[PDB]
Amino acid sequence: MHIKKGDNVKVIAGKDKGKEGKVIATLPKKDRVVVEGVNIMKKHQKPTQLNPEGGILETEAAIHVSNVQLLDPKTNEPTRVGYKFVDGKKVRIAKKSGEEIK
Amino acid sequence: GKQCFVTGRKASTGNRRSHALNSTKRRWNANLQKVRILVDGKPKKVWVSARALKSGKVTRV
Amino acid sequence: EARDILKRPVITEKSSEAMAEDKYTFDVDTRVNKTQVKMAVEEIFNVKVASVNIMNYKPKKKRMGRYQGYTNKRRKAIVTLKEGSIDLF
Amino acid sequence: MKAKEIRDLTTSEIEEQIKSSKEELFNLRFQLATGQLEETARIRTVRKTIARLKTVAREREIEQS
RNA sequence: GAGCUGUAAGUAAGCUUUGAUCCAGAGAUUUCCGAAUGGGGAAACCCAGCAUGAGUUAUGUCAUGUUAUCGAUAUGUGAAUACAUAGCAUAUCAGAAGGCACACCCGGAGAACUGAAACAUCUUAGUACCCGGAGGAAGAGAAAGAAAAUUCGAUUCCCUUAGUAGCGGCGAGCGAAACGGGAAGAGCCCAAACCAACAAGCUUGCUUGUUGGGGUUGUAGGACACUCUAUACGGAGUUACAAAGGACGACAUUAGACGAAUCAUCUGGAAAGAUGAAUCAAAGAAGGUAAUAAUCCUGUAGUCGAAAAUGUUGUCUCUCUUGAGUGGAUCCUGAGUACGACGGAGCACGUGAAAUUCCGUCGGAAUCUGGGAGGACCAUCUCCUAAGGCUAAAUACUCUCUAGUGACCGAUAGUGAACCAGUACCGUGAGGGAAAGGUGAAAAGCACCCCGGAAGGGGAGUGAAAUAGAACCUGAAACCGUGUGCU
RNA sequence: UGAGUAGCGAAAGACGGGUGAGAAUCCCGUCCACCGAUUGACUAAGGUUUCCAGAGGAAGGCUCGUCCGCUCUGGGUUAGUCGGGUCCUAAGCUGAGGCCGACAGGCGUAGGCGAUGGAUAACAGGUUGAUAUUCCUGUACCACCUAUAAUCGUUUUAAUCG
RNA sequence: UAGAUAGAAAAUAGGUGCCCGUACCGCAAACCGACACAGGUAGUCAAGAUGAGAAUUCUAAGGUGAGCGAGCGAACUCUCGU
Ligand SMILES: [Mg+2]
Ligand SMILES: [Mg+2]
Ligand SMILES: [Mg+2]
Ligand SMILES: [Mg+2]
Ligand SMILES: [Mg+2]
Ligand SMILES: [Mg+2]
Ligand SMILES: [Mg+2]
Ligand SMILES: [Mg+2]
Ligand SMILES: [Mg+2]
Ligand SMILES: [Mg+2]
Ligand SMILES: [Mg+2]
Ligand SMILES: [Mg+2]
Ligand SMILES: [Mg+2]
Ligand SMILES: [Mg+2]
Ligand SMILES: [Mg+2]
Ligand SMILES: [Mg+2]
Ligand SMILES: [Mg+2]
Ligand SMILES: [Mg+2]
Ligand SMILES: [Mg+2]
Ligand SMILES: [Mg+2]
Ligand SMILES: [Mg+2]
Ligand SMILES: [Mg+2]
Ligand SMILES: [Mg+2]
Ligand SMILES: [Mg+2]
Ligand SMILES: [Mg+2]
Ligand SMILES: [Mg+2]
């Protein structure tokens, strides 16, 4: 996946459309990523469970990678990603500005 | 598994035909006669067709 | 091969009772004779073995969900020690 | 132990390490049987080292032949 | 190139940018049974010999290697029985075995129901089945051919000739071929005469056996005699034509890489939809993404890439190798063969006027002024030259792999099998042989409270929806209830 | 639908006390009854974990169920002498060479395999929830090995193997 | 006996002795009968009273009360007594 853990990405699709956050986790096999403050789910947790406290738990849920776009460093605008080989190393390049994403 | 040693003359299959042209399977057997002949320079009793023996082509010892 | 011969110790109520009588139970390789077991115990634990008693356990049917299968066949050896002791724990 | 380190070891050294590794594995198996082992991952780590030791030994023997 | 320790969740312990997991090439390990092969055996086990090694005071025990049969090739011993022949022992051999693709090929052996409105000839059919041998194809194949022209020039396959000519209780039915049009094309090597060498019979006559040379045919060719030409110059080649190799290059296959261009609003749980304004296109194939996306993702067009292995192929190298004439004295040119009779079979052709071709039995030629064929046979003419082999391609089929396609199926369909199916189950066995898909976008899979032993339920909460709560999309009918207007 | 119908598979139960959400049906006790050449005790086939303990009550059990040959979890089978093998052979099976046969294959010799028979050394007591001629206790036997050996022998042999 | 070869051992002491089966049912609810099925399943042991007896009847050792019950006490059917 072009999107990687720790990247800052705008959400371009879903309920959280127009929200920007760091990628907490990436699930390669599922083609899904976790973004902070995005796709929050309220999960019923038993106090009977190993955790002493029990109740509804709010955590981010995985979102499809296609619904997130990397933000251009210069303009802070969502951009498709390109790869250029520099000094024998492939580099992620923002299509909008041509800057190296990371 | 009986055949002429010299020529490989062997039984063949065909039909026995009645006057009404009824057909029954039959065999034609070679006239194989057990004879002592030299094999590998050593006398051996083997089955040979009378045709092969004819004209003294096969020496019997 | 001594390590290969003796797979593991057996810890059960009957086994523990035997341990009081200086008899030690080990699951062993299914192909080994009792003489091999005696020598293997002596090498590993540096003890003297009075006798080895051996028995075979058949594979046992076990069902998980809709899947039916068998446990592994087992060879169990009980080793009486003339001298020394084995500290399993 | 990775193959590179094993390759540095002499044939006798590998043989000694194979003996040592097997004893360690046996101890772990008895510990697991008695429920005394928490670090279960050690068992597999020892197994793969023994496999590596044997591989290097075999490679040498084939090279000799 | 950042996650990873399969399904398969979860827990635990861990691994990984000092490059995990993962993907491709190569290698290592690879228990036991099974042809199964040390012997035995009710497969997956039991019991040994020999050699070497481990252990033991020693015995017991253990490890490794080796030990089937048959064949072939050697070597040594060697009966009745003098010689020597069985026989016997030993060694060697990537020798054979066994399996499968329920296909295609060649061969052995070979039905019946059926049709003939019965049935026997005939048909079904040389089909099914069985068995043997294969090969990647097989078989066939360089005229003792087809013919009757101004002839053609191995074989195989397609079209056509034709449902013709024929065959046929002349019934049912069976059913060509040559010509002509095409696919593909390639031609070769022996036997013999004769020469040289070796060996045996010892005329030690020159007759045999072996090796090398020579020679290959119909326009008769060859030997033989003679005359030119040439020692690989040239030419040919591992697909026949003789048979192994080496070097370098190219291409292909087996992992991959880059790869254009969209935003806003409206509805909604969510936009890809609608609306408006843009953009790319050698890319508007396709799939996915919270509804229908050329521009969000994976891709596509296009372009690039291989350490290693394999295949194909080109050029060198390598290997092998003389090629033509003239002459008509003599010689050679495939024998128990051709052929005939009798009995069968095969030829579209059922014994017929039956050529052509095979088998069994018996008989049995000729030799270039020879022999065979042109559908009985004879003459004439014409065309060939049997009784020895080899030979690519065009043709057949698909267990399998890769890339695709469909006015093909869509869970009673489509494979028997969308699912842990040749399973469950059934049978002594051969064998027979099922049923069974769908929560949601996401597991967010109902904290907590209440009745109940539990099951199950009522709330609360999650969700767009729970009347989506687990064989959980939709939810017909039969069928079973509860209530109600009229009776 | 038939229909809350037929059936619920040879039999003697009763009561008390427990347990439990629930008891004709489970546990325990007393009395009663039934078999006793046997409904008792072994054991070969065959089956294959059904065995023991704790737990459970959906389904199975012709009712019920707190219970079970059911479900769940964890356990249980110990041999020089017993049965079999490392001994023997019968019928039979197989079968080097061999004989025969379209193929496949049939037959058969030497030799193998093959108990239902022959040979063959351990008994009594104790012990667990579940094994016992197997464990343990006591007292034995058999084969082999090592050492020390009364004695005997010491190459036509006269001790010894055969 | 043919053969083989210097060693043989009454005893004594010490030591070695493998594999497979072993649970449990087994005239049965666990085997063969689709069933927790009145059928079938080789062999061994088998007490007392009675008796010729392994018959008969009642008991022992040991095991069992049988996996629907409670009422009522019609016809009819079955099994049985008179
Ligand atoms: Mg074997
Ligand atoms: Mg008819
Ligand atoms: Mg008819
Ligand atoms: Mg061919
Ligand atoms: Mg060649
Ligand atoms: Mg793109
Ligand atoms: Mg939009
Ligand atoms: Mg004829
Ligand atoms: Mg004519
Ligand atoms: Mg359709
Ligand atoms: Mg449907
Ligand atoms: Mg189907
Ligand atoms: Mg089906
Ligand atoms: Mg009625
Ligand atoms: Mg009634
Ligand atoms: Mg009734
Ligand atoms: Mg009953
Ligand atoms: Mg009686
Ligand atoms: Mg029980
Ligand atoms: Mg019930
Ligand atoms: Mg036989
Ligand atoms: Mg044979
Ligand atoms: Mg017996
Ligand atoms: Mg018991
Ligand atoms: Mg028992
Ligand atoms: Mg009987």
Side-chain angles (χ1 to χ4, degrees), chain A residues 1-5 12-17 25-29 31-32 39-50 53-59 61-69 78 80 82-85 90 95, chain B residues 1-2 7 9-18 20-23 25-31 41-43 49-52 54-55 57, chain C residues 1 12-15 17-18 21 23 25 31-36 38-39 43 51-58 60-61 63 66-67 76-78 80, chain D residues 37-45 51 54-56 58-59 62:
Chain A
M1 299 178 294
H2 60 319
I3 306 299
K4 297 164 181 55
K5 182 175 173 175
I12 65 184
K15 284 183 178 185
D16 296 299
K17 182 188 175 186
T26 81
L27 314 173
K29 295 178 178 176
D31 297 359
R32 285 194 166 241
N39 213 52
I40 297 289
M41 58 173 184
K42 310 171 182 58
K43 169 159 45 181
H44 294 206
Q45 293 287 359
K46 287 195 171 298
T48 80
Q49 192 56 58
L50 179 143
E53 304 292 355
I56 334 294
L57 167 68
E58 297 191 0
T59 46
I63 185 184
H64 199 270
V65 63
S66 60
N67 299 352
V68 303
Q69 210 167 3
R80 301 187 299 291
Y83 291 91
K84 300 191 311 181
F85 296 87
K90 191 166 53 183
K95 296 298 294 183
Chain B
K2 188 181 174 180
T7 61
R9 200 160 300 245
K10 59 183 304 179
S12 54
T13 307
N15 291 312
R16 175 185 307 295
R17 287 278 191 172
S18 72
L21 269 69
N22 309 115
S23 170
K25 286 295 186 176
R26 62 157 290 184
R27 293 211 71 118
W28 275 259
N29 295 294
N31 191 8
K42 292 144 46 182
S49 58
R51 187 76 159 186
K54 187 181 62 173
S55 289
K57 301 195 169 300
Chain C
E1 197 182 359
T12 59
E13 292 150 356
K14 191 172 182 180
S15 187
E17 294 160 2
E21 325 166 3
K23 297 176 176 295
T25 312
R31 306 172 292 238
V32 301
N33 66 59
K34 58 175 51 184
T35 307
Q36 286 171 292
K38 173 165 61 185
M39 298 182 180
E43 177 177 359
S51 180
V52 173
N53 276 117
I54 213 157
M55 65 170 84
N56 291 305
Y57 259 89
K58 290 180 185 174
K60 180 182 300 184
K61 303 187 65 178
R63 160 180 54 242
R66 71 173 192 242
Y67 300 135
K76 191 177 64 179
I78 303 173
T80 311
Chain D
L37 179 63
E38 316 307 300
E39 301 179 1
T40 56
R42 297 176 56 187
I43 290 181
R44 181 179 180 292
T45 303
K54 288 171 168 290
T55 298
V56 172
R58 184 58 192 175
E59 285 174 359
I62 299 172

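Below, all heavy atoms of this structure are taken into account, side chains as well, without hydrogens, waters or symmetry copies. Residue numbers begin at 1 in each chain, while the letters A, B, ... track the order of the sequences.
Rounded to a whole angstrom, the distance from the P atom of E:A394 to that of E:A138 is 11 Å. The same atom, P, is picked in E:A255 and in E:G404; the two are 14 Å apart, to the nearest Å. As rounded to the nearest Å, G:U22 and F:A79 have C1' atoms that lie 10 Å from one another. Annotation: E:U114 and E:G108 have their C1' atoms spaced 27 Å apart (nearest Å). Comparing the same atom, P, in E:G234 and in E:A28 gives a spacing of 49 Å after rounding to whole Å. Taking the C1' atoms as reference points, E:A454 lies 49 Å from E:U487, given to the whole Å. Taking the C1' atoms as reference points, E:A112 lies 36 Å from E:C157, given to the whole Å. The P atoms of E:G245 and E:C320 are separated by 15 Å, rounded to the nearest whole Å.
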* Structure fact -> Counting primed atoms, P, OP1 and OP2 as sugar-phosphate and everything else as base, the B/S/- map of nucleotides 448-454 of chain E against protein heavy atoms under 4.0 Å is S------
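Nucleic acid contact for D:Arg42: none, since no nucleic acid atom lies under 4.0 Å from a heavy atom of the residue. Using a 4.0 Å heavy-atom criterion, one finds that C:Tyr57 contacts the bases of the nucleic acid, with or without backbone contacts as well. Within 4.0 Å (heavy atoms only), A:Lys43 reaches sugar-phosphate atoms of the nucleic acid but no base atom. Residue contacts for A:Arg32: at a heavy-atom cut-off of 4.0 Å it reaches the sugar-phosphate backbone alone, with no base atom in range. Base contact: A:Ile56 has a heavy atom under 4.0 Å from a base atom. Within 4.0 Å (heavy atoms only), C:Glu13 reaches at least one base atom of the nucleic acid. Among the atoms of the strands shown, base atoms are found under 4.0 Å from some heavy atom of C:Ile78. Here B:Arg16 lies out of heavy-atom contact (under 4.0 Å) with every strand.
B:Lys25 has a side-chain polar atom (N or O) that falls below the 4.0 Å cut-off from OP1 or OP2 of E:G110. At least one side-chain nitrogen or oxygen of B:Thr13 sits closer than 4.0 Å to the OP1 or OP2 atom of E:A109. A sub-4.0 Å separation between OP1 or OP2 of F:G75 and a side-chain N or O of C:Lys60 is absent. The phosphate of E:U361 has OP1 or OP2 within less than 4.0 Å of a side-chain N or O from B:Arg9. OP1 or OP2 of E:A290 lies within a sub-4.0 Å distance of a side-chain N or O belonging to A:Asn67. Put simply, C:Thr12 has a side-chain N or O that comes within less than 4.0 Å of OP1 or OP2 on F:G76.
With hydrogens and angles left out, the side chain of B:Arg26 and the base of E:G360 share no donor-acceptor pair within 3.5 Å. For F:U49, the base has a donor-acceptor partner in the side chain of C:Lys58 [N/O atoms by modelled type, under 3.5 angstrom].
Looking at C:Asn33 and C:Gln36, their side chains come closer than 4.5 Å, going by heavy atoms from C-beta outward.
Residue ring and base: A:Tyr83 does not count as stacked with E:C258 (centre distance below 5.5 Å and interplanar angle below 30° not both satisfied).
Of the candidate nucleotides F:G76, G:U16, E:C362, F:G76 has the atom lying nearest to any side-chain atom of C:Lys76. When the nucleotides E:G14, F:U78, E:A63 are ranked by their closest atom to the side chain of C:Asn53, F:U78 comes out on top.
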Polar atom pairs (N or O), protein with nucleotides 52-61 of chain F, under 3.5 Å:
none

